[PDB]
């Protein structure tokens, strides 16, 4: 089981969601970036694992659940079984990560990607050990009802570049944004 990663897109006012959807209009290449980063496995024969909260799961259109080419795991304390289309369900991020050591997953999983929402990011960013945060900074304010927790700059370093990730300003639909990568290893 490989690295532990968070990936998020966040507006200038720290918003990540609004009424069960994204706060901004669809950004095709931000979506393509999300898909490629979470799907690409460095190891032949393995897939990455995506971990998400219950509301993030149901925010994906039904025709696109589960996220293709990745092993999907949902966090919830209320659901008694994985929702339809999913095969894994844990009560906490800690439980989910311990689950990746069991035989059914240990040999199938390469990278682990936390893909939201807010309380999943929060549990991960406080998780001890080696963590990377792939953060898209959308350079506008958008009305939001769900937010990304602030990064503790006493623990994380901002990398100037990351392999395979463009470091310059992007723009689609009139909206500028930038791909950032933070790292810690405590």
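Residue numbers count along the first chain shown, from 1. So that the term is clear: the rigid core is the largest set of C-alpha atoms that superpose within 1.5 Å between two forms.
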query	finding
In 7 other deposited structures of this protein, rigid core aligned: more displaced of 127-135 and 58-66 by C-alpha RMS	58-66
Segment of higher mean CA temperature factor, 162-170 or 18-26	18-26
114-122 versus 149-157 - greater average Cα B-factor per the deposited record	149-157
Residue selected from 63, 32, 54, 137 by maximal Cα B factor	63
Out of 106, 74, 97, 71, highest CA B-factor residue	106
Residue 186, C-alpha B-factor rank within chain (lowest, middle or highest third)	highest
Assigned third (lowest, middle, highest) for the C-alpha B factor of residue 133	lowest
Third assignment of residue 38 from its chain's C-alpha B-factors	lowest
